[PDB]
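To keep things clear, I will list the structure first and then write my remarks on it.
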Amino acid sequence: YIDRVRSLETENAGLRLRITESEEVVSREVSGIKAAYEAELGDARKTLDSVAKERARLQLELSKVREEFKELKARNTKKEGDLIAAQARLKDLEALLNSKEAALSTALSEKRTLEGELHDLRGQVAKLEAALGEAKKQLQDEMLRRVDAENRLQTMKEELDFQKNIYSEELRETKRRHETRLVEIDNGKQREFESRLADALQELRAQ
Amino acid sequence: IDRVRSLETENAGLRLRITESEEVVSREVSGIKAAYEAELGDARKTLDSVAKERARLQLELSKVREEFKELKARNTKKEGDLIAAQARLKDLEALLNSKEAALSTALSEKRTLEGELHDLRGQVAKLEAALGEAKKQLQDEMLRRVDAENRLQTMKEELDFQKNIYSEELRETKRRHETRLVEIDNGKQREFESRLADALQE
Amino acid sequence: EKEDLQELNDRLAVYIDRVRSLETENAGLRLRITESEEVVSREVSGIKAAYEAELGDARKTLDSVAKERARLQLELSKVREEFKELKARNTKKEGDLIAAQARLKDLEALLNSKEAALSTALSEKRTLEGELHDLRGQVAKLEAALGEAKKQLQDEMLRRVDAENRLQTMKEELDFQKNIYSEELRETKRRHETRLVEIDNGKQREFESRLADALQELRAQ
Amino acid sequence: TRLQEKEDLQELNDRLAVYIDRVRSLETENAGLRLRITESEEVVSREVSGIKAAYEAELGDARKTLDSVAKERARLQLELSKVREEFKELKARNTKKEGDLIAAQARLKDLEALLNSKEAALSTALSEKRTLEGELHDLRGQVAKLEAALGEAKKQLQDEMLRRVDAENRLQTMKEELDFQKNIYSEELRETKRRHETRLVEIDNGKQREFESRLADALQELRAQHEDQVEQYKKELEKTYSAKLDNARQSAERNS
């Protein structure tokens, strides 16, 4: 039963390496774990920092475009206010334009009627001048006729006075001449009566 | 048995001590994994965290970059509209000034029209008066003429009247003279016959 | 006495008869005178008849002309009255015409002013109408926007629930493979240890038996 | 009778004086009449020359009144013609004016109608203005609400997008973790099987060394024993050779 004891001794001689190798065994068991895990973690940190450096850039650009948006918003607000004011002023101006045009139209009509009245007055003046000239000529003609009629009246008067004086003087001369004839009648009477009485007696003594 | 049991106990204790002296090293390796995996597990979490944050920033960036373009378009058309509104505004102000000028000239022209109308009223009044006096004088001359003609007619009747009066007075005066002379002759012959018969009585 | 009174009475008788004779002779003389100044008037009768004839014609015409002076006087007053009535009617109608003309002037003025006010009102109404129409267009385009907004929202919700579903399934697969690998390693180590605790004796004693068989088979036989 | 006689004588003388005065006056009268009887031929002339002047002045005044009356009649003829002309002119003017008034009243009625029509259209438009202001106010409200709706919708879309992207990121993360744990299990299994195989070759090499050693010693002892057996066989054969040699010697050594 000594050969099995020798088997135990050989088992010990085999255990020698089983304890000896433990160092490099556990070292190699650790190196693979460290390698794989450190590779994974390293690549993780790589991608993480890449994403971070992207996020910084994104936030920067975002702040920039926000600033631009605020500027353009203020400018736009002022512009739209100015446009509203402009539209209000346009409304007021169009109202004033309509009112002014109304006043102008009324004035133009009220002036055109005056022009018409002026022209009518001008025609009236013309025809009054004509009618006045005609009346003047008629006045001259009738004046001439009146003057001539008075001339003929005066001539008639002169003729009448002439004939009157003629008849008067004729009557006067007739009466005067008859008186003288009476004078010679008495003279010739006394000288004539006996010159015929004796003429009758001388022949009366005969027969 | 003195070397047997010594070798048996030595081998049993040797293997049962060395195997379990490596077992604890293996468990320490397990702990090393228990830390490594933890750190990897938290880094793997922050990675998704910053990924989410970056997605958020990109979304907001696109949002602002769009609502900025919208405002660019709106403000552009508003600028155009404002240019047009100010242009037409100046046009209207000028037009209103012109209309006011036209109104002033129109009024201050119809005033002078009123003056000319007044002058022409004067002219028409004077002409009407003059024509009236002309017609009056015409009528006066007509009346005077027909008066002269009537008086001419009456004188023409008198001219033939005094003629007949003359003839009548001449007839009467000659008849009276003849009566005187005839009476004288009759007296003559009366004394003639008287003395003739007287002497006839011897 | 006796003689004187008889003488004087004879004188008185003589004087009386003298008065009588003188008055008679004077009456005779006056008779001749009044005969003369009558036989004369009958001789001047002719000029008297002529004069009276001419006067007769004179007033015969005078009455006619004086009748004309009446007729045309009446006619004159008649036409004067008619002219007065026409003057009144003319003054009234001309006053009414002047009034109508003034009313036409003021009326045209009010017309122009009124049309100005109406034109301004219509312009402002047209501006309000334009604003209203543009607002309606705005509402239309905002509806056309909300539609596509909700469509995109639902699509994105679907894609979201898809992504989260795939995430959950990925967690399932992860725990699955982790448990599998753990149990696989555990079973491998178990079979390792069982094989070793079997080879602990099962091959030791039998192999040393075969070795003794070879040694004894070779050393002697 | 004495004084009576004296008084009668005196009265007689008085009567005598009366009749004497009368005969004087009567003789004067007779002389005057006889004087007139001669101048009859001339007082007649004065008579007729007087009545002539009377009638002549009468005719003169008559002709004067005739002339004046004719003048005053012609004057009224002229006045009558004048007024009858002015009436004509006035009635012409009034005819024209009474036409113009009709036209004026016509255009007056028309223009007043037009003015009332305008004053109606103005109130119409002014009411439309208010009923439009209310409308556009309501539309402003509608747009104001719809803008808020669209804003909220866009916000929710942004959020859904964000959480979806986050889900996909975590998905890729877990995929990488999956592959990692795979490549870890591989190396772990490899490292365990390596140890187990080193122990197995430890056992098998022990078996081998023992086997070839304990067999090599036995085979070497066997071959050594064979060589010894052959050596002893050869030495015994050499003993037989020398024995046969000496026996042949003694056989040839045969003699007396």
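By convention in this document, the chains of the structure tokens carry letters A, B, ... by their order, each chain's residues are numbered from 1, and ligands are numbered from 1 in the order they are shown.
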
When the cut-off is 10 Å and we count only C-alpha atoms, which residues of chain A are near chain D, given as a PyMOL selection string?
chain A and resi 7+10-11+13-15+17-18+25+28-29+32-33+36-37+40

Once you count only C-alpha atoms, which residues of chain C turn out to be within 8 Å of chain B? Could you give them as a ChimeraX atom specification?
/C:43-44,46-47,50

With C-alpha atoms retained, could you export that selection as a short mmCIF file (atom, residue, chain, number, x, y, z; two decimals), in the first residue's frame?
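After the write, result_34.cif holds the following:
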```cif
data_model
loop_
_atom_site.label_atom_id
_atom_site.label_comp_id
_atom_site.auth_asym_id
_atom_site.auth_seq_id
_atom_site.Cartn_x
_atom_site.Cartn_y
_atom_site.Cartn_z
CA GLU C 43 -128.85 196.47 -93.93
CA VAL C 44 -125.98 195.12 -91.81
CA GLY C 46 -125.80 190.04 -93.87
CA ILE C 47 -122.45 190.22 -92.09
CA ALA C 50 -122.36 185.12 -91.99
#
```

Residues of chain D within 8 Å of chain B, counting only C-alpha atoms, as a JSON list (two decimals) with N, CA and C atoms, in the first residue's frame:
```json
[["chain", "number", "residue", "atom", "x", "y", "z"],
["D", 63, "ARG", "N", -111.83, 180.23, -82.11],
["D", 63, "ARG", "CA", -110.74, 179.53, -82.78],
["D", 63, "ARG", "C", -109.63, 179.16, -81.80],
["D", 67, "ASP", "N", -108.26, 175.34, -81.28],
["D", 67, "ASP", "CA", -106.87, 174.92, -81.38],
["D", 67, "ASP", "C", -106.41, 174.22, -80.11],
["D", 70, "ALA", "N", -107.94, 170.77, -79.79],
["D", 70, "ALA", "CA", -107.31, 169.83, -80.71],
["D", 70, "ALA", "C", -105.95, 169.38, -80.20],
["D", 71, "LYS", "N", -105.16, 170.31, -79.67],
["D", 71, "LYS", "CA", -103.86, 169.95, -79.10],
["D", 71, "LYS", "C", -104.03, 168.96, -77.96],
["D", 74, "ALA", "N", -104.82, 165.49, -79.36],
["D", 74, "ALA", "CA", -103.67, 164.82, -79.94],
["D", 74, "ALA", "C", -102.72, 164.33, -78.86],
["D", 75, "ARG", "N", -102.55, 165.11, -77.79],
["D", 75, "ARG", "CA", -101.72, 164.67, -76.67],
["D", 75, "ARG", "C", -102.22, 163.35, -76.10],
["D", 78, "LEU", "N", -101.42, 160.45, -78.33],
["D", 78, "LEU", "CA", -100.04, 160.02, -78.16],
["D", 78, "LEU", "C", -99.86, 159.23, -76.87],
["D", 158, "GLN", "N", -43.43, 69.68, -31.55],
["D", 158, "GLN", "CA", -42.04, 69.75, -31.12],
["D", 158, "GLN", "C", -41.75, 68.77, -29.99],
["D", 162, "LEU", "N", -39.23, 65.54, -29.97],
["D", 162, "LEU", "CA", -38.12, 65.45, -29.03],
["D", 162, "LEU", "C", -38.09, 64.10, -28.33],
["D", 165, "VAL", "N", -37.04, 61.27, -30.72],
["D", 165, "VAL", "CA", -35.60, 61.26, -30.95],
["D", 165, "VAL", "C", -34.87, 60.71, -29.73],
["D", 166, "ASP", "N", -35.28, 61.13, -28.53],
["D", 166, "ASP", "CA", -34.67, 60.59, -27.31],
["D", 166, "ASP", "C", -34.80, 59.07, -27.26],
["D", 169, "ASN", "N", -32.25, 57.55, -29.61],
["D", 169, "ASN", "CA", -30.92, 57.62, -29.02],
["D", 169, "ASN", "C", -30.71, 56.50, -28.01],
["D", 170, "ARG", "N", -31.63, 56.38, -27.04],
["D", 170, "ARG", "CA", -31.50, 55.31, -26.05],
["D", 170, "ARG", "C", -31.51, 53.94, -26.71],
["D", 173, "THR", "N", -28.12, 53.27, -27.97],
["D", 173, "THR", "CA", -27.31, 53.03, -26.78],
["D", 173, "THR", "C", -27.43, 51.59, -26.31]]
```

Using only C-alpha atoms: which of A:191, A:91, A:79, A:176 has the shortest distance to chain C:
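Of A:191, A:91, A:79, A:176, the one nearest chain C, counting only C-alpha atoms, is A:91.
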
Atom-to-atom span, atom CA of residue 52 of chain D and atom CA of residue 49 of chain C, Å
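Calculated distance between atom CA of residue 52 of chain D and atom CA of residue 49 of chain C is 11.9 Å.
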
Give as a short mmCIF file (atom, residue, chain, number, x, y, z; two decimals) with N, CA and C atoms, in the first residue's frame every residue of chain A that touches chain C within 10 Å, counting only C-alpha atoms.
```
data_model
loop_
_atom_site.label_atom_id
_atom_site.label_comp_id
_atom_site.auth_asym_id
_atom_site.auth_seq_id
_atom_site.Cartn_x
_atom_site.Cartn_y
_atom_site.Cartn_z
N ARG A 4 0.37 3.78 -3.47
CA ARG A 4 -0.61 4.85 -3.42
C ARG A 4 -0.08 6.07 -2.68
N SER A 7 1.70 7.72 -5.14
CA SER A 7 0.73 8.45 -5.96
C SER A 7 0.39 9.79 -5.33
N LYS A 91 -56.44 108.66 -44.73
CA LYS A 91 -57.88 108.80 -44.55
C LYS A 91 -58.28 110.26 -44.37
N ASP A 92 -57.64 110.95 -43.42
CA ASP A 92 -57.94 112.37 -43.21
C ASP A 92 -57.79 113.17 -44.50
N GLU A 94 -58.01 112.19 -47.65
CA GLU A 94 -59.05 111.93 -48.63
C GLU A 94 -60.35 112.62 -48.25
N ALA A 95 -60.68 112.64 -46.96
CA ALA A 95 -61.84 113.40 -46.51
C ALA A 95 -61.71 114.88 -46.88
N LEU A 96 -60.56 115.48 -46.54
CA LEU A 96 -60.35 116.90 -46.86
C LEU A 96 -60.41 117.14 -48.36
N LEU A 97 -59.90 116.20 -49.15
CA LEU A 97 -59.95 116.33 -50.61
C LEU A 97 -61.39 116.38 -51.09
N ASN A 98 -62.23 115.46 -50.62
CA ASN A 98 -63.63 115.47 -51.05
C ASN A 98 -64.31 116.78 -50.66
N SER A 99 -64.12 117.24 -49.42
CA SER A 99 -64.75 118.50 -49.00
C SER A 99 -64.29 119.66 -49.88
N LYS A 100 -62.98 119.77 -50.08
CA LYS A 100 -62.42 120.85 -50.89
C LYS A 100 -62.97 120.81 -52.31
N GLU A 101 -63.06 119.62 -52.90
CA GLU A 101 -63.61 119.52 -54.24
C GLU A 101 -65.06 119.95 -54.27
N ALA A 102 -65.82 119.65 -53.21
CA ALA A 102 -67.20 120.13 -53.15
C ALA A 102 -67.25 121.65 -53.18
N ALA A 103 -66.44 122.30 -52.33
CA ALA A 103 -66.41 123.76 -52.32
C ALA A 103 -66.01 124.32 -53.68
N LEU A 104 -65.04 123.68 -54.34
CA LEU A 104 -64.56 124.16 -55.63
C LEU A 104 -65.64 124.03 -56.70
N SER A 105 -66.36 122.91 -56.72
CA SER A 105 -67.43 122.72 -57.70
C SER A 105 -68.54 123.75 -57.50
N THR A 106 -68.97 123.93 -56.25
CA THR A 106 -69.99 124.95 -55.97
C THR A 106 -69.53 126.32 -56.44
N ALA A 107 -68.27 126.68 -56.15
CA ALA A 107 -67.75 127.97 -56.59
C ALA A 107 -67.75 128.08 -58.11
N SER A 109 -69.69 126.56 -60.34
CA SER A 109 -71.03 126.76 -60.87
C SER A 109 -71.52 128.18 -60.59
N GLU A 110 -71.39 128.63 -59.33
CA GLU A 110 -71.82 129.97 -58.97
C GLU A 110 -71.09 131.05 -59.76
N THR A 113 -72.74 130.82 -63.64
CA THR A 113 -73.98 131.58 -63.73
C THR A 113 -73.70 133.07 -63.86
#
```

Skip segment 77-89 of chain B itself and residues of its chain fewer than 4 positions away, then list as a VMD selection string all residues within 8 Å of it, counting only C-alpha atoms.
(chain A and resid 79 to 80 82 to 83 86 to 87 89 to 90) or (chain B and resid 73 93)

Excluding residue 114 of chain A and any residue of its chain fewer than 5 positions from it, enumerate the residues within 10 Å of it, using only C-alpha atoms, and give them as a PyMOL selection string.
(chain A and resi 108-109+119-120) or (chain B and resi 110-111+113-114+116-117)

Please save N, CA, C and O atoms of the selected residues as a short mmCIF file (atom, residue, chain, number, x, y, z; two decimals), in the first residue's frame.
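Here's the written file out.cif:
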```
data_model
loop_
_atom_site.label_atom_id
_atom_site.label_comp_id
_atom_site.auth_asym_id
_atom_site.auth_seq_id
_atom_site.Cartn_x
_atom_site.Cartn_y
_atom_site.Cartn_z
N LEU A 108 -67.34 127.01 -58.80
CA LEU A 108 -67.28 127.06 -60.26
C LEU A 108 -68.67 127.25 -60.87
O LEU A 108 -68.83 128.02 -61.82
N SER A 109 -69.69 126.56 -60.34
CA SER A 109 -71.03 126.76 -60.87
C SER A 109 -71.52 128.18 -60.59
O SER A 109 -72.01 128.87 -61.49
N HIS A 119 -72.79 137.88 -70.02
CA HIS A 119 -72.98 137.84 -71.46
C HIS A 119 -74.36 138.38 -71.85
O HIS A 119 -74.49 139.16 -72.80
N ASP A 120 -75.40 137.96 -71.12
CA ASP A 120 -76.74 138.50 -71.37
C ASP A 120 -76.75 140.02 -71.25
O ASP A 120 -77.35 140.71 -72.08
N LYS B 110 -64.55 135.35 -59.41
CA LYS B 110 -65.96 135.72 -59.45
C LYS B 110 -66.23 137.03 -58.72
O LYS B 110 -67.26 137.66 -58.97
N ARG B 111 -65.32 137.46 -57.83
CA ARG B 111 -65.44 138.82 -57.30
C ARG B 111 -65.29 139.86 -58.40
O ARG B 111 -66.12 140.77 -58.55
N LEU B 113 -65.75 139.33 -61.48
CA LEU B 113 -66.97 139.18 -62.28
C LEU B 113 -68.10 140.02 -61.71
O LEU B 113 -68.86 140.64 -62.46
N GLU B 114 -68.24 140.05 -60.38
CA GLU B 114 -69.26 140.88 -59.76
C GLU B 114 -69.02 142.36 -60.06
O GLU B 114 -69.98 143.12 -60.30
N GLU B 116 -67.51 143.62 -62.79
CA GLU B 116 -67.90 143.83 -64.18
C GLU B 116 -69.42 143.85 -64.34
O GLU B 116 -69.96 144.65 -65.11
N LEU B 117 -70.12 142.98 -63.60
CA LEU B 117 -71.58 143.00 -63.63
C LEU B 117 -72.12 144.33 -63.14
O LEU B 117 -73.08 144.86 -63.70
#
```

Tell me which protein, DNA and RNA residues are within 10 Å of residue 200 of chain B, counting only C-alpha atoms, leaving out same-chain ones fewer than 5 positions away, and put them as an mmCIF file with N, CA, C and O atoms, in the first residue's frame.
```cif
data_model
loop_
_atom_site.group_PDB
_atom_site.id
_atom_site.type_symbol
_atom_site.label_atom_id
_atom_site.label_comp_id
_atom_site.auth_asym_id
_atom_site.auth_seq_id
_atom_site.Cartn_x
_atom_site.Cartn_y
_atom_site.Cartn_z
ATOM 1 N N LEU A 201 -137.530 224.515 -120.844
ATOM 2 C CA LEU A 201 -138.499 225.600 -120.997
ATOM 3 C C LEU A 201 -138.462 226.189 -122.405
ATOM 4 O O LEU A 201 -139.515 226.496 -122.984
ATOM 5 N N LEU A 204 -140.453 224.094 -124.314
ATOM 6 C CA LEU A 204 -141.824 224.054 -123.815
ATOM 7 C C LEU A 204 -142.645 225.219 -124.351
ATOM 8 O O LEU A 204 -143.855 225.074 -124.569
ATOM 9 N N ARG A 205 -142.012 226.375 -124.571
ATOM 10 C CA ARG A 205 -142.733 227.522 -125.117
ATOM 11 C C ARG A 205 -143.222 227.276 -126.541
ATOM 12 O O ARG A 205 -144.171 227.935 -126.982
ATOM 13 N N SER B 194 -141.734 219.454 -110.747
ATOM 14 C CA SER B 194 -142.494 220.455 -110.001
ATOM 15 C C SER B 194 -142.410 221.825 -110.665
ATOM 16 O O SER B 194 -143.434 222.481 -110.897
ATOM 17 N N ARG B 195 -141.193 222.278 -110.982
ATOM 18 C CA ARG B 195 -141.045 223.591 -111.604
ATOM 19 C C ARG B 195 -141.512 223.585 -113.056
ATOM 20 O O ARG B 195 -141.924 224.629 -113.577
#
```

What lies within 8 Å of segment 3-13 of chain B using only C-alpha atoms, ignoring chain neighbours under 2 positions off, as an NGL selection string?
(:A and (5 or 8-9 or 12)) or (:B and (1 or 15-17))

Give me a file of those residues, with N, CA and C atoms, as a PDB file, in the first residue's frame.
```
ATOM      1  N   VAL A   5       0.792   5.854  -1.687  1.00  0.00           N
ATOM      2  CA  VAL A   5       1.488   6.971  -1.055  1.00  0.00           C
ATOM      3  C   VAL A   5       2.398   7.659  -2.063  1.00  0.00           C
ATOM      4  N   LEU A   8       0.322   9.836  -3.995  1.00  0.00           N
ATOM      5  CA  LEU A   8       0.112  11.109  -3.312  1.00  0.00           C
ATOM      6  C   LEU A   8       1.296  12.046  -3.521  1.00  0.00           C
ATOM      7  N   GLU A   9       2.520  11.513  -3.450  1.00  0.00           N
ATOM      8  CA  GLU A   9       3.699  12.345  -3.681  1.00  0.00           C
ATOM      9  C   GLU A   9       3.709  12.911  -5.097  1.00  0.00           C
ATOM     10  N   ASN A  12       1.365  15.753  -5.257  1.00  0.00           N
ATOM     11  CA  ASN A  12       1.986  16.971  -4.743  1.00  0.00           C
ATOM     12  C   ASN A  12       2.892  17.608  -5.793  1.00  0.00           C
TER      13      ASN A  12
ATOM     14  N   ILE B   1       3.188   5.069   7.886  1.00  0.00           N
ATOM     15  CA  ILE B   1       2.076   5.884   8.361  1.00  0.00           C
ATOM     16  C   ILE B   1       2.590   7.246   8.832  1.00  0.00           C
ATOM     17  N   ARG B  15      -3.924  21.800  -0.917  1.00  0.00           N
ATOM     18  CA  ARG B  15      -4.859  22.062  -2.007  1.00  0.00           C
ATOM     19  C   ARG B  15      -6.086  22.824  -1.510  1.00  0.00           C
ATOM     20  N   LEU B  16      -6.628  22.434  -0.350  1.00  0.00           N
ATOM     21  CA  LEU B  16      -7.809  23.093   0.196  1.00  0.00           C
ATOM     22  C   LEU B  16      -7.529  24.514   0.663  1.00  0.00           C
ATOM     23  N   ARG B  17      -6.261  24.892   0.822  1.00  0.00           N
ATOM     24  CA  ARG B  17      -5.898  26.262   1.162  1.00  0.00           C
ATOM     25  C   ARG B  17      -5.519  27.092  -0.057  1.00  0.00           C
TER      26      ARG B  17
END
```

Distance criterion (only C-alpha atoms): nearest to chain B out of A:67, A:43, A:145, A:50
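Among A:67, A:43, A:145, A:50, it is A:145 that comes nearest to chain B.
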
Between C:131, C:175, C:82, C:217, which is the closest to residue 219 of chain D once you count only C-alpha atoms?
C:217

Surrounding residues of residue 129 of chain C excluding itself and chain neighbours under 5 positions, 10 Å, only C-alpha atoms, as a list in words
residues 123, 124, 134 and 135 of chain C; 128, 129, 132, 133, 135 and 136 of chain D

For the selection just defined, write its residues with N, CA, C and O atoms to a file, as a PDB file, in the first residue's frame.
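In the end it all went to part.pdb:
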```pdb
ATOM      1  N   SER C 123     -66.131 105.537 -49.452  1.00  0.00           N
ATOM      2  CA  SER C 123     -64.715 105.177 -49.455  1.00  0.00           C
ATOM      3  C   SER C 123     -64.325 104.456 -48.170  1.00  0.00           C
ATOM      4  O   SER C 123     -63.671 103.404 -48.203  1.00  0.00           O
ATOM      5  N   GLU C 124     -64.712 105.014 -47.021  1.00  0.00           N
ATOM      6  CA  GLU C 124     -64.371 104.373 -45.756  1.00  0.00           C
ATOM      7  C   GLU C 124     -65.035 103.003 -45.637  1.00  0.00           C
ATOM      8  O   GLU C 124     -64.422 102.043 -45.144  1.00  0.00           O
ATOM      9  N   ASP C 134     -59.813  90.471 -46.458  1.00  0.00           N
ATOM     10  CA  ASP C 134     -58.479  89.974 -46.133  1.00  0.00           C
ATOM     11  C   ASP C 134     -58.491  89.161 -44.846  1.00  0.00           C
ATOM     12  O   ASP C 134     -57.779  88.155 -44.735  1.00  0.00           O
ATOM     13  N   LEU C 135     -59.299  89.571 -43.864  1.00  0.00           N
ATOM     14  CA  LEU C 135     -59.413  88.781 -42.642  1.00  0.00           C
ATOM     15  C   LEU C 135     -60.003  87.405 -42.924  1.00  0.00           C
ATOM     16  O   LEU C 135     -59.547  86.401 -42.359  1.00  0.00           O
TER      17      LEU C 135
ATOM     18  N   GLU D 128     -74.095 100.692 -42.646  1.00  0.00           N
ATOM     19  CA  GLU D 128     -73.214  99.625 -43.113  1.00  0.00           C
ATOM     20  C   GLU D 128     -71.834  99.724 -42.479  1.00  0.00           C
ATOM     21  O   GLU D 128     -71.195  98.697 -42.218  1.00  0.00           O
ATOM     22  N   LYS D 129     -71.365 100.946 -42.220  1.00  0.00           N
ATOM     23  CA  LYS D 129     -70.067 101.121 -41.578  1.00  0.00           C
ATOM     24  C   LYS D 129     -70.032 100.433 -40.217  1.00  0.00           C
ATOM     25  O   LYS D 129     -69.106  99.672 -39.918  1.00  0.00           O
ATOM     26  N   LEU D 132     -70.242  96.710 -40.306  1.00  0.00           N
ATOM     27  CA  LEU D 132     -68.973  96.146 -40.747  1.00  0.00           C
ATOM     28  C   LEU D 132     -67.914  96.192 -39.651  1.00  0.00           C
ATOM     29  O   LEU D 132     -67.112  95.258 -39.530  1.00  0.00           O
ATOM     30  N   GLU D 133     -67.898  97.259 -38.844  1.00  0.00           N
ATOM     31  CA  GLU D 133     -66.955  97.330 -37.732  1.00  0.00           C
ATOM     32  C   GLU D 133     -67.151  96.157 -36.779  1.00  0.00           C
ATOM     33  O   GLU D 133     -66.180  95.506 -36.364  1.00  0.00           O
ATOM     34  N   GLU D 135     -68.435  93.210 -37.496  1.00  0.00           N
ATOM     35  CA  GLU D 135     -67.984  92.012 -38.196  1.00  0.00           C
ATOM     36  C   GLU D 135     -66.471  91.852 -38.113  1.00  0.00           C
ATOM     37  O   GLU D 135     -65.971  90.790 -37.721  1.00  0.00           O
ATOM     38  N   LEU D 136     -65.721  92.896 -38.483  1.00  0.00           N
ATOM     39  CA  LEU D 136     -64.269  92.748 -38.474  1.00  0.00           C
ATOM     40  C   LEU D 136     -63.733  92.584 -37.057  1.00  0.00           C
ATOM     41  O   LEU D 136     -62.681  91.964 -36.869  1.00  0.00           O
TER      42      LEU D 136
END
```

Counting only C-alpha atoms, closest pick from D:239, D:226, D:155, D:73 relative to chain C is D:73
